[PDB]
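What's in upload-v4.csv: CSV, C-alpha atoms and all ligand atoms
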```csv
chain,number,residue,atom,x,y,z
A,1,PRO,CA,55.2,127.2,-41.5
A,2,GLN,CA,53.5,127.3,-38.2
A,3,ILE,CA,50.3,125.3,-38.2
A,4,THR,CA,47.6,125.7,-35.5
A,5,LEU,CA,45.4,122.7,-34.8
A,6,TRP,CA,41.9,124.1,-35.0
A,7,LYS,CA,41.4,122.0,-38.2
A,8,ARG,CA,42.9,118.7,-39.3
A,9,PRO,CA,46.4,119.5,-40.5
A,10,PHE,CA,46.2,118.4,-44.1
A,11,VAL,CA,49.0,119.5,-46.4
A,12,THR,CA,49.7,119.0,-50.1
A,13,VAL,CA,52.7,116.7,-50.6
A,14,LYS,CA,54.6,115.6,-53.7
A,15,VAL,CA,55.6,111.9,-53.3
A,16,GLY,CA,57.6,110.1,-55.9
A,17,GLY,CA,56.6,112.9,-58.3
A,18,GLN,CA,52.9,112.7,-57.6
A,19,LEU,CA,50.7,115.4,-55.8
A,20,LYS,CA,48.5,114.2,-52.9
A,21,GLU,CA,46.8,115.4,-49.7
A,22,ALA,CA,48.0,114.0,-46.5
A,23,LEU,CA,47.5,114.5,-42.7
A,24,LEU,CA,50.4,115.6,-40.4
A,25,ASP,CA,49.9,112.9,-37.8
A,26,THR,CA,52.1,112.9,-34.7
A,27,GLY,CA,50.3,109.7,-33.5
A,28,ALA,CA,51.5,107.7,-36.5
A,29,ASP,CA,55.0,106.2,-36.5
A,30,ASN,CA,55.0,105.8,-40.3
A,31,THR,CA,54.0,107.6,-43.5
A,32,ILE,CA,51.4,105.7,-45.7
A,33,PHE,CA,49.7,106.6,-49.1
A,34,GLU,CA,47.1,104.8,-51.1
A,35,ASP,CA,46.8,105.0,-54.9
A,36,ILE,CA,50.4,106.2,-55.7
A,37,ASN,CA,52.8,104.2,-57.8
A,38,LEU,CA,56.4,104.1,-56.7
A,39,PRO,CA,59.2,102.5,-58.7
A,40,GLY,CA,61.8,100.0,-57.7
A,41,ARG,CA,61.9,97.2,-55.1
A,42,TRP,CA,60.0,97.3,-51.8
A,43,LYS,CA,59.8,95.1,-48.6
A,44,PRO,CA,56.5,93.7,-47.4
A,45,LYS,CA,55.4,95.1,-44.1
A,46,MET,CA,52.7,93.9,-41.9
A,47,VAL,CA,51.0,96.8,-40.2
A,48,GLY,CA,47.8,97.5,-38.1
A,49,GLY,CA,46.5,94.6,-35.8
A,50,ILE,CA,42.8,95.2,-35.4
A,51,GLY,CA,40.8,92.3,-36.8
A,52,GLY,CA,44.1,91.1,-38.4
A,53,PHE,CA,47.3,92.6,-39.9
A,54,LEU,CA,47.4,94.6,-43.2
A,55,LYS,CA,50.1,93.8,-45.7
A,56,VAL,CA,51.7,97.0,-47.3
A,57,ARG,CA,54.7,97.7,-49.4
A,58,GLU,CA,57.6,99.5,-47.8
A,59,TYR,CA,59.7,101.8,-50.0
A,60,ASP,CA,63.0,103.2,-48.9
A,61,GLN,CA,64.5,106.6,-49.8
A,62,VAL,CA,61.5,108.1,-51.6
A,63,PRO,CA,61.6,111.7,-52.5
A,64,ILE,CA,59.0,113.8,-50.6
A,65,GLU,CA,58.2,117.5,-50.9
A,66,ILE,CA,56.2,119.4,-48.3
A,67,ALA,CA,55.9,123.2,-48.3
A,68,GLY,CA,59.0,123.6,-50.4
A,69,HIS,CA,61.1,121.2,-48.3
A,70,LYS,CA,62.5,118.3,-50.4
A,71,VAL,CA,63.4,115.3,-48.2
A,72,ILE,CA,63.7,111.6,-48.5
A,73,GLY,CA,62.0,109.1,-46.4
A,74,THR,CA,60.4,105.7,-46.0
A,75,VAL,CA,56.9,105.5,-47.6
A,76,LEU,CA,54.4,102.7,-47.2
A,77,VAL,CA,51.9,102.1,-50.0
A,78,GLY,CA,48.7,100.3,-49.1
A,79,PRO,CA,45.0,100.9,-48.2
A,80,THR,CA,44.5,103.8,-45.8
A,81,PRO,CA,41.3,105.9,-45.0
A,82,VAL,CA,43.4,109.0,-45.5
A,83,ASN,CA,47.0,109.5,-46.4
A,84,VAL,CA,49.3,110.0,-43.4
A,85,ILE,CA,52.5,111.9,-42.9
A,86,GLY,CA,53.9,110.2,-39.8
A,87,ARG,CA,56.8,111.1,-37.5
A,88,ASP,CA,59.3,109.3,-39.8
A,89,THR,CA,58.7,112.1,-42.5
A,90,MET,CA,58.1,114.8,-39.9
A,91,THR,CA,61.7,114.3,-38.4
A,92,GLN,CA,63.1,114.6,-42.0
A,93,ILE,CA,61.4,118.0,-42.5
A,94,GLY,CA,62.4,119.1,-39.0
A,95,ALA,CA,58.9,119.5,-37.6
A,96,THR,CA,58.4,120.0,-33.9
A,97,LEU,CA,55.4,120.4,-31.6
A,98,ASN,CA,55.5,123.6,-29.7
A,99,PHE,CA,53.6,125.2,-26.8
B,1,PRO,CA,58.3,123.1,-24.6
B,2,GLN,CA,59.5,122.1,-28.0
B,3,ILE,CA,59.0,118.4,-28.6
B,4,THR,CA,60.9,116.7,-31.3
B,5,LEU,CA,59.3,113.7,-33.1
B,6,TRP,CA,62.1,111.0,-33.1
B,7,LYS,CA,60.1,109.1,-30.5
B,8,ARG,CA,56.3,108.9,-29.7
B,9,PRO,CA,55.4,112.2,-28.0
B,10,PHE,CA,54.1,111.0,-24.7
B,11,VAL,CA,53.6,113.5,-21.9
B,12,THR,CA,52.5,113.3,-18.3
B,13,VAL,CA,49.1,115.0,-17.9
B,14,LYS,CA,46.9,115.7,-14.9
B,15,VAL,CA,43.2,115.1,-15.9
B,16,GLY,CA,40.4,115.7,-13.5
B,17,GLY,CA,43.1,115.6,-10.8
B,18,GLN,CA,44.6,112.2,-11.8
B,19,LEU,CA,48.1,111.8,-13.2
B,20,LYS,CA,48.3,109.8,-16.5
B,21,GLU,CA,50.6,109.4,-19.5
B,22,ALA,CA,49.2,110.3,-22.9
B,23,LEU,CA,50.1,110.7,-26.6
B,24,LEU,CA,50.2,114.2,-28.3
B,25,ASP,CA,48.4,113.2,-31.4
B,26,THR,CA,47.7,115.7,-34.1
B,27,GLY,CA,45.9,112.9,-36.1
B,28,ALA,CA,43.1,112.7,-33.4
B,29,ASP,CA,40.2,115.1,-33.2
B,30,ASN,CA,39.4,114.3,-29.6
B,31,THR,CA,41.1,113.5,-26.2
B,32,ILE,CA,40.4,110.1,-24.7
B,33,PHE,CA,41.5,108.3,-21.6
B,34,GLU,CA,40.8,104.8,-20.3
B,35,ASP,CA,40.7,104.1,-16.6
B,36,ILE,CA,40.1,107.5,-15.1
B,37,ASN,CA,37.1,108.4,-13.0
B,38,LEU,CA,35.5,111.8,-13.7
B,39,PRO,CA,32.6,113.2,-11.7
B,40,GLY,CA,29.7,115.1,-12.9
B,41,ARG,CA,27.5,115.0,-16.0
B,42,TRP,CA,28.3,112.9,-19.1
B,43,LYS,CA,26.6,111.9,-22.3
B,44,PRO,CA,27.4,108.9,-24.5
B,45,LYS,CA,29.2,109.7,-27.7
B,46,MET,CA,29.8,107.5,-30.7
B,47,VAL,CA,33.4,107.9,-32.0
B,48,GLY,CA,35.8,106.1,-34.5
B,49,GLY,CA,33.7,104.4,-37.1
B,50,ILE,CA,35.9,102.0,-39.1
B,51,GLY,CA,34.6,98.5,-38.1
B,52,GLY,CA,31.8,100.1,-36.3
B,53,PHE,CA,31.6,102.9,-33.9
B,54,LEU,CA,32.8,102.9,-30.3
B,55,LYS,CA,30.5,104.2,-27.4
B,56,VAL,CA,32.4,106.5,-24.9
B,57,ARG,CA,31.4,108.9,-22.1
B,58,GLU,CA,31.9,112.6,-23.0
B,59,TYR,CA,32.7,115.0,-20.1
B,60,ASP,CA,32.8,118.8,-20.6
B,61,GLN,CA,35.1,121.5,-19.3
B,62,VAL,CA,37.4,119.0,-17.5
B,63,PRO,CA,40.5,120.5,-16.0
B,64,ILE,CA,43.6,119.4,-17.8
B,65,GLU,CA,47.1,120.2,-17.0
B,66,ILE,CA,50.3,119.6,-19.2
B,67,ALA,CA,53.8,121.0,-18.5
B,68,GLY,CA,52.3,123.4,-16.0
B,69,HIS,CA,49.6,124.7,-18.4
B,70,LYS,CA,46.2,124.4,-16.8
B,71,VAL,CA,43.4,124.4,-19.3
B,72,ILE,CA,39.8,123.2,-19.6
B,73,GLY,CA,38.6,120.7,-22.3
B,74,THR,CA,36.3,118.0,-23.4
B,75,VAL,CA,37.5,114.6,-22.3
B,76,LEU,CA,36.1,111.2,-23.5
B,77,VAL,CA,36.5,108.2,-21.3
B,78,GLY,CA,36.5,104.8,-22.8
B,79,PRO,CA,38.5,102.1,-24.4
B,80,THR,CA,41.7,103.2,-26.1
B,81,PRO,CA,45.1,101.4,-26.4
B,82,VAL,CA,47.0,104.5,-25.3
B,83,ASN,CA,45.5,107.7,-23.8
B,84,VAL,CA,45.4,110.4,-26.4
B,85,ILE,CA,45.7,114.3,-26.2
B,86,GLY,CA,43.9,115.3,-29.4
B,87,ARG,CA,43.5,118.5,-31.2
B,88,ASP,CA,40.6,119.7,-28.9
B,89,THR,CA,43.1,119.9,-26.0
B,90,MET,CA,46.2,121.0,-28.1
B,91,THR,CA,44.3,124.1,-29.3
B,92,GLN,CA,43.6,125.0,-25.6
B,93,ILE,CA,47.3,124.8,-24.7
B,94,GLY,CA,48.3,126.7,-27.8
B,95,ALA,CA,50.3,123.9,-29.4
B,96,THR,CA,51.4,124.3,-33.0
B,97,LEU,CA,53.4,122.2,-35.5
B,98,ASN,CA,56.4,124.0,-36.8
B,99,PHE,CA,59.0,123.4,-39.5
C,101,Y,Y,40.8,103.3,-50.6
C,102,Y,Y,45.5,107.6,-35.1
```

Take the structure in the file and give it back as structure tokens.
Amino acid sequence: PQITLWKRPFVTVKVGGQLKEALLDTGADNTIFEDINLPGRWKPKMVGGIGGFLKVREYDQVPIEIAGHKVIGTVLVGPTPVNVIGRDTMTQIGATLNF
Amino acid sequence: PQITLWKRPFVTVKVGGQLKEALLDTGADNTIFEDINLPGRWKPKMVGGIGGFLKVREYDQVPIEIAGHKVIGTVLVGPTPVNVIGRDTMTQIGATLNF
């Protein structure tokens, strides 16, 4: 797809087999979802920095599907105001910024 | 240009005649710089919101240039950890996300 940026670029994503909405966010290094359940082991990861650090769970090699593209990426699971697709997942799907 | 997403997509921009580096950030509604001086009329604007809102100065129709594309946009001036080119400016330059 080619996505213009007059609205927030939210997309439907299937992550670890679950359907969610998430924002295509070129300002975010990492991908993060709240309220999904992923199986297997994870590594704790300290993220954020404002007012303290947030502890989240980092999962490796998680299946992700966006617009028919099935890829694998690192996914953090923890509290987030909205779900974020960061540049880690964007590089897997081959997304570029163009003008 | 076509900008891949393996690193943070910083670009050099000229804003109000002053040369700055800033992040192309499809997760940001607005464009914000710290430590530029803009002339002319501004109004305070409350932005952000998690933890409280941040007060910034909003300037209209500011000249912005990126990779030789001269556009006009709203620019907010106030505290920000990195300067940000948000969706308001990216729609003016015709930037899209593509995969
Ligand atoms: Y929540
Ligand atoms: Y952001």

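Within the 8 Å cut-off around residue A:11, using all atoms listed in the file and omitting residues fewer than 5 positions from it on the same chain, the listed residues are residues 21, 22, 23, 24 and 66 of chain A.
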
Selection above as a file: C-alpha atoms, as a compact mmCIF listing (two decimals), in the coordinates of the input:
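As a result, result.txt now contains:
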```txt
# COMPACT_ATOMS: atom_id res chain seq x y z
CA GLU A 21 46.80 115.40 -49.70
CA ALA A 22 48.00 114.00 -46.50
CA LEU A 23 47.50 114.50 -42.70
CA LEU A 24 50.40 115.60 -40.40
CA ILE A 66 56.20 119.40 -48.30
```

### Task
With a distance cut-off of 12 Å and all atoms listed in the file, select the neighbouring residues of residue A:7, excluding the residue or stretch itself and same-chain residues fewer than 4 positions from it, and output the selection as a count of residues only.
15

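Among the candidates A:81, A:63, A:49, A:94, the one nearest to chain B when counting all atoms listed in the file is A:94.
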
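With only C-alpha atoms and all ligand atoms as the atoms that count, the minimum distance from ligand Y 102 (chain C) to the choices B:80, B:4, B:46, B:89 is reached by B:80.
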
#### Entry: Pairwise distance for atom CA of residue B:31 and atom CA of residue A:78, rounded to one decimal in Å
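Pair atom CA of residue B:31 / atom CA of residue A:78 returns 27.5 Å.
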
### Task
May I have the residues within 7 Å of residue B:74 as number ranges by chain, using all atoms listed in the file and disregarding those fewer than 4 positions away in the same chain?
B: 58-62

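Nearest to chain B of all the residues A:51, A:39, A:73, A:79 is A:51, based on all atoms listed in the file.
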
### Summary
Counting only C-alpha atoms, the residue among B:99, B:25, B:45, B:52 that lies closest to residue A:5 is B:25

### Task
Would you mind telling me which residue in B:36, B:67, B:15, B:72 lies nearest to chain A when using only C-alpha atoms?
B:67

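As for atom CA of residue B:64 and atom CA of residue A:6, they are spaced 17.9 Å apart.
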
## Note on the structure
Students should find that atom CA of residue A:55 and atom CA of residue A:35 are spaced 14.9 Å

### Message
With distances taken over all atoms listed in the file, which residue among A:47, A:69, A:13, A:82 lies nearest residue A:95?
### Response
A:69
